[PDB]
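Peer 1:
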Amino acid sequence: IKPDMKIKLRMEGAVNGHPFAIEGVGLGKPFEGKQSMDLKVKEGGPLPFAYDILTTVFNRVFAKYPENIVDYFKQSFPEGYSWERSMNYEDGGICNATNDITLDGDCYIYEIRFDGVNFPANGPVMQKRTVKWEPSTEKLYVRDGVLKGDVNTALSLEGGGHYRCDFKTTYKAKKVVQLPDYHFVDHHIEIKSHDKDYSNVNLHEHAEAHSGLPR
Amino acid sequence: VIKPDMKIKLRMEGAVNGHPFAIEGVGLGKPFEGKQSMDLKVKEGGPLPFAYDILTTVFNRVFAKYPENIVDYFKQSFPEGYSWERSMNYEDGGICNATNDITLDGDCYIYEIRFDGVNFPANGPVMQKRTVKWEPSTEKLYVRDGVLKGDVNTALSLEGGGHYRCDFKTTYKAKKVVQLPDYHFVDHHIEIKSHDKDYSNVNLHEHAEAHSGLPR
Amino acid sequence: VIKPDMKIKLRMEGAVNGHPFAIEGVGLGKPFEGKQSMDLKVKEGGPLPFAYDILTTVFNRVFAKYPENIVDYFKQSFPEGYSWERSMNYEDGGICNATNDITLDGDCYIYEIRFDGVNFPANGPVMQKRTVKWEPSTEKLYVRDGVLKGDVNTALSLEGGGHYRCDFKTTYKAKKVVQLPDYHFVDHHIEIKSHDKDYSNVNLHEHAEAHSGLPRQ
Amino acid sequence: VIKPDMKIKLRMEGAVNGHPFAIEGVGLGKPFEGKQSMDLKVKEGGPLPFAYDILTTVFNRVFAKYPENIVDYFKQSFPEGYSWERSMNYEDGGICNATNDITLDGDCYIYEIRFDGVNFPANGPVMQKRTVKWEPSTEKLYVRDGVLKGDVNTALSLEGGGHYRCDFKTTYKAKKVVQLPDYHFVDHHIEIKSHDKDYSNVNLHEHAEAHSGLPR
Numbered sequence: 004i005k006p007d008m009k010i011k012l013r014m015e016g017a018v019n020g021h022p023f024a025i026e027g028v029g030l031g032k033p034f035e036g037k038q039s040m041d042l043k044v045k046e047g048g049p050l051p052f053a054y055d056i057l058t059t060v061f065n066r067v068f069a070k071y072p073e074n075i076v077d078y079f080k081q082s083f084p085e086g087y088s089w090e091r092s093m094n095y096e097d098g099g100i101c102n103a104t105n106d107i108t109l110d111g112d113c114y115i116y117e118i119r120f121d122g123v124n125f126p127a128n129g130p131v132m133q134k135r136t137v138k139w140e141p142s143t144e145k146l147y148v149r150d151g152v153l154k155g156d157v158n159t160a161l162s163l164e165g166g167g168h169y170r171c172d173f174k175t176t177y178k179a180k181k182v183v184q185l186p187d188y189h190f191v192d193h194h195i196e197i198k199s200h201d202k203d204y205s206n207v208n209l210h211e212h213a214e215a216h217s218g219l220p221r
Numbered sequence: 003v004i005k006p007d008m009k010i011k012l013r014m015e016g017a018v019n020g021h022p023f024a025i026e027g028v029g030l031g032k033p034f035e036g037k038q039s040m041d042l043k044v045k046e047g048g049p050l051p052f053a054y055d056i057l058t059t060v061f065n066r067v068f069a070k071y072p073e074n075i076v077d078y079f080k081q082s083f084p085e086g087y088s089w090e091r092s093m094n095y096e097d098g099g100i101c102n103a104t105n106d107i108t109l110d111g112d113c114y115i116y117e118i119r120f121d122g123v124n125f126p127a128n129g130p131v132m133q134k135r136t137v138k139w140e141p142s143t144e145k146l147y148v149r150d151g152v153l154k155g156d157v158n159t160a161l162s163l164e165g166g167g168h169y170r171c172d173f174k175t176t177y178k179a180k181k182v183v184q185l186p187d188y189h190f191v192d193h194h195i196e197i198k199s200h201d202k203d204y205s206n207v208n209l210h211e212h213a214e215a216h217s218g219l220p221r
Numbered sequence: 003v004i005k006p007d008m009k010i011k012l013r014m015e016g017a018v019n020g021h022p023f024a025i026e027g028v029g030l031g032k033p034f035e036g037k038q039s040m041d042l043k044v045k046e047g048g049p050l051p052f053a054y055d056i057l058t059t060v061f065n066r067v068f069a070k071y072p073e074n075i076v077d078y079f080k081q082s083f084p085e086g087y088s089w090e091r092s093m094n095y096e097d098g099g100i101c102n103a104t105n106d107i108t109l110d111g112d113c114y115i116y117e118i119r120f121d122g123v124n125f126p127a128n129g130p131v132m133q134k135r136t137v138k139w140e141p142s143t144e145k146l147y148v149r150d151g152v153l154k155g156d157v158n159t160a161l162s163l164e165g166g167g168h169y170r171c172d173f174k175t176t177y178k179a180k181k182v183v184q185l186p187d188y189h190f191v192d193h194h195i196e197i198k199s200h201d202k203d204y205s206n207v208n209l210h211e212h213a214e215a216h217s218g219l220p221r222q
Numbered sequence: 003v004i005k006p007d008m009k010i011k012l013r014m015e016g017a018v019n020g021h022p023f024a025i026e027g028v029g030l031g032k033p034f035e036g037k038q039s040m041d042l043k044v045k046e047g048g049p050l051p052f053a054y055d056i057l058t059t060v061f065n066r067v068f069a070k071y072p073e074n075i076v077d078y079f080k081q082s083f084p085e086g087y088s089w090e091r092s093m094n095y096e097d098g099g100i101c102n103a104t105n106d107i108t109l110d111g112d113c114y115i116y117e118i119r120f121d122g123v124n125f126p127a128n129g130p131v132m133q134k135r136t137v138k139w140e141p142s143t144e145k146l147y148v149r150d151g152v153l154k155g156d157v158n159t160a161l162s163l164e165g166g167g168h169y170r171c172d173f174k175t176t177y178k179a180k181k182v183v184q185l186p187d188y189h190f191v192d193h194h195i196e197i198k199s200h201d202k203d204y205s206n207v208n209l210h211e212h213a214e215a216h217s218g219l220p221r
């Protein structure tokens, strides 16, 4: 794992049965927990749903881990790891996502599948009334020899208020790696620039691991 | 539009825990008797490493006997057809999202199905294939925001006894505006009647009848 | 131990959003016909500031017609009786936890009921009293760790149309060892047949029949 | 209204799986440091047949260190006080509903607490008393319909390793009109400091600090 790495990805998926595809390129510093990328809609544009539901699917290797917390993700390379996630929104909209992450030289390669269902037509997702994800705190922990990650967060809405979502992620390293203890990863994901119909999106994330209070 | 004897043709593309597969099927049924059967063949991703039972309820409420006093949303929706979306949340956290776009070509219904399941534990009854069958169930149907919803929480019986629960949440969307029904129910019973060892071939049956529950 | 005509006496103590209340009731029913009725009167905490409908399904599966081919967990449990626990999760986050300890004195069932609901929003149908009635329902009963479980998703019809859903999760506990049944169903239909303006007095009815689903009905 | 050192007096009445109990406690804390401690005494229903840990987070966000840039909903609410309601939904189906009416008498906060837990399985970690402690947690507070909400998904560490998860959903209600805060967080760490064999006596501690997340 080098101080400066690259990212290459393609997402294929569907929302309420309507398919789309997105590709991206970016860069980041795994030891600083920061990353950025440019995403382009390749199929299914203009997307008829809020782009925000996709952003957290677009790699916990980009998280600053302190010395005293075992780093599952940086350990998993060069072989890599995969993850599966269900994102259950409070109005019944559900998104299932998978990412198979490999490494080629200094570039991480993502193979992503995304499938969302049951988003109501008048809801904030289909009507594109989301502003941004709030900062969040993920709760990791081991179960049956694999790493799990839970984070219940929310999207701020146009006229104020919040639209909640529960994340449940399973992380699976390619090879056996040292498993960590119960810890946290704080997140802050932001869309810094985009064109009108989100065909082009510049996305950033900042993430740091910690163990909660005393600090 | 609906004939007493119809045919079914389908293809499902999907993935379970990130591992892709594909299944095609042909079948037949009687929409007015609420009965149907089909033969399914795994075309890609075999041998399937998960319990086939998680697929079966994705493999058409037009095959449901509707009484006269209950509006039939599904038979009304043809020849144009309808689509549906469904989330299947299992009690151990495994979740399956599925969609079906149903069209009609002559006397044959055509299904375009996508199926995506995640977070099934390796030690669980799905990945370990220790499910026996779905129990009979009762779906609850109601209108919300101009479309028809269907909720049913049911369970799979397990090898050594016991049950593995799952909550279904389906949204039915007719392609044309049709008359919306009142709150009602649909009883179900789905069964795998035959299959080879690795479920490459599966003969699947379903019986369904609509009703209004216990009277006032 | 169970006669064709039995009587009912109960007292419920509870709270909704921290506001306590108490209700007592008397009634009668036919256990083998799955029918019952009762008169309930608010004794404390009136006038109730929440929709009465959230209480009704807490106000006894012994009042359900069981066919001969389905094992009756509840009629077996008497004269000793049984208890049950339930959580009712409404789709807007309102949660009600309830318990009922059911005893028998002669031909009268005695209920000791606790009811606690929290997180009902002020603008919701419960606090705004916008519920009409429970729809008919189909409960699912199955065994887990030697006790009988009962799950039912149902809904309340609302005053301007639409439905307000709720998930029931009930655990039934016989006081003595009884024969456990297989996976089966119980159809329900509960109705408020009469009530005064502030629901100080309520006449409540329930009809329930067990079955094994399709084929048949 | 809030001084650097305050006292705590409380009584909890409740039931778990239909079995009633009652607990009273006295304690003290520093609201501006986000720290508190208390001694609790089982008065009725002892010896408690369930894991004491399910009660501890019910035994006051006034004891949370709020930075200057984040509006303090709780310190504003006194001397009139505030109340809160909570449902705690454990991953095996055990559900606990709790309420606390918090008043102020001089320098002492007074809690009137009700606690009701249901559907805890006999073979589960609660009824088998296999919990070790709550992990540290991060609560998220946000406004909905003019009142303050608090959500936290956390877990209890267990006896042979592993974790037993629980989702908290809290509604905070000030008795008078106060300034509402923006979306923010409160980190928690609750610990039983000492206890006797059957938990009839328990010394409990909590440390809490509010923050706005990354970066900090």
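Protein chains in written order, with UniProt numbering: chain C, 4 to 61, 65 to 221; chain W, 3 to 61, 65 to 221; chain E, 3 to 61, 65 to 222; chain P, 3 to 61, 65 to 221.
Backbone N, C-alpha and C fix where the C-beta goes; we use that ideal spot for every residue, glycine too.
1. Can you confirm whether the stretch 12–20 of chain E touches the stretch 112–123 of chain E when touching is taken to mean that 3 or more C-beta pairs between the two stretches lie within less than 8 Å?
2. Evaluate W:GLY27 with the Cβ neighbour count: other Cβ atoms within 10 Å of its Cβ, from every protein chain shown; 16 or more gives buried, anything less gives exposed.
3. For E:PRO33, name the three-state secondary structure that DSSP assigns.
4. Is it buried or exposed, E:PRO84, if we count other Cβ atoms within 10 angstroms and call 16 or more buried?
5. With 8 Å as the limit, tell me which residues of the stretch 196–221 of chain W have their beta carbon closer than that to any beta carbon of chain E; keep them in chain order.
6. Straight-line CA distance for E:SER205 to E:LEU57?
7. How do the stretch 35–45 of chain C and the stretch 208–218 of chain C stand: do at least 3 beta-carbon pairs fall below 8 Å, yes or no?
8. Going by DSSP in three states, C:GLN133 sits in which element: helix, strand or coil?
9. Start and end of the alpha helix (DSSP H) containing E:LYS202?
10. Using Cβ-Cβ distances below 8 Å, what residues of the stretch 113–141 of chain C are close to chain W?
11. What is the DSSP secondary structure of C:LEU219, reduced to helix, strand or coil?
12. Nearest to E:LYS202 by CA position, among E:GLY165, E:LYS134, E:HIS168, is which residue?
13. Can you round the beta-carbon distance between P:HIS21 and P:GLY47 to whole angstroms, since I take them to be within the 8 Å contact cut?
14. Report the neighbours of C:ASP150 on chain W: residues whose CB is nearer than 7 Å to its CB, in chain order.
15. Along the alpha helix (DSSP H) that carries C:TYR78, what are the first and last residues, could you check?
16. Within a Cβ cutoff of 8 Å, which residues of the same chain sit near residue 228 of chain W, ignoring the five residues on either side of it in sequence?
17. Can you tell which of C:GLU96, C:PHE23, C:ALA69 has the C-alpha that lies nearest to the C-alpha of C:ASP192?
18. Counting C-beta neighbours from all protein chains within 10 Å, is the total for E:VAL182 16 or more, i.e. buried, or is it exposed?
19. What separation, rounded to the nearest whole angstrom, lies between the Cα atoms of C:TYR71 and C:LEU161?
20. If we define contact as Cβ-Cβ less than 7 Å, is W:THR176 a contact residue for chain E?
21. Which partner residues of W:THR104 appear in the DSSP bridge assignment?
22. Just to check, is the beta-carbon of C:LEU163 closer than 6 Å to a non-hydrogen atom of the ligand PLP?
23. Quick one: using the 10 Å Cβ neighbour count with 16 as the cut-off for buried, is P:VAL3 buried or exposed?
24. I need the boundaries of the alpha helix (DSSP H) containing W:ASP172, first residue and last residue.
25. So C:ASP77 contacts chain P; which residues on that side make the cut at Cβ distance below 7 Å?
26. Residues of chain P with a CB under 7 Å from the CB of E:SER39: which are they?
27. If distances are taken between C-alpha atoms only, which option among P:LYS154, P:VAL137, P:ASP55, P:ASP150 comes closest to P:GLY166?
28. Hey, W:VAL207 and W:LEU12 are a contact pair by Cβ (cut 8 Å); roughly how many whole angstroms apart?
29. May I ask which residues mark the beginning and end of the beta strand (DSSP E) holding C:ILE56?
30. Indicate the three-state DSSP secondary structure (helix, strand or coil) for C:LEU12 in the structure shown.
31. Less than 7 Å between the C-beta atoms of W:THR176 and W:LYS145, yes or no?
32. Which residue's Cα is closest to the Cα of P:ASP156: P:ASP97, P:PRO130, P:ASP55, P:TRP89?
33. Quick one: is W:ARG66 buried, meaning 16 or more other Cβ sit within 10 Å of its Cβ, or exposed?
34. Tell me, please, whether the CB atom of C:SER82 is closer than 7 Å to any CB atom in chain W?
35. DSSP three-state call for C:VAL191: helix, strand or coil?
36. Whose C-alpha, out of C:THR104, C:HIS189, C:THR108, is nearest the C-alpha of C:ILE10?
Peer 2: Concretely, from the data shown:
1. yes
2. buried
3. helix
4. exposed
5. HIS212, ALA213, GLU214, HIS216, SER217, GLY218, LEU219, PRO220, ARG221
6. 13 Å
7. yes
8. coil
9. Where E:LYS202 is concerned, there is no enclosing alpha helix (DSSP H), given that its DSSP letter is neither H nor E.
10. Residues passing the 8 Å Cβ filter: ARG119, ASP121, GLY122, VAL123, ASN124, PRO126, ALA127, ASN128.
11. coil
12. E:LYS134
13. 7 Å
14. Within chain W, the residues near C:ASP150 are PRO126, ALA127, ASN128.
15. 78–81
16. Outside the shown range of chain W, which is 3 to 221, sits residue 228 of chain W, and nothing can be said about it.
17. C:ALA69
18. By the neighbour-count rule (16 or more Cβ atoms within 10 Å), E:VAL182 is not buried but exposed.
19. 26 Å
20. no
21. W:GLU90, W:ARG119
22. Because no ligand of any kind appears in the structure shown, any question about the ligand PLP cannot be addressed here.
23. Classification for P:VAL3: exposed.
24. Element bounds for W:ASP172: not the alpha helix (DSSP H) but the beta strand (DSSP E), 168–179.
25. Chain P residues near C:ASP77: none, gap ~18 Å exceeds 7 Å.
26. The contacting residues do not exist; E:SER39 stays about 26 Å from chain P at best.
27. P:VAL137
28. That belief does not hold up - the Cβ atoms of W:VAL207 and W:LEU12 are roughly 12 Å apart, past 8 Å.
29. Per DSSP, C:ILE56 belongs to no beta strand (DSSP E); it is in the alpha helix (DSSP H), 55–58.
30. strand
31. no
32. Considering only alpha carbons, the answer is P:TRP89.
33. buried
34. no
35. strand
36. C:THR108
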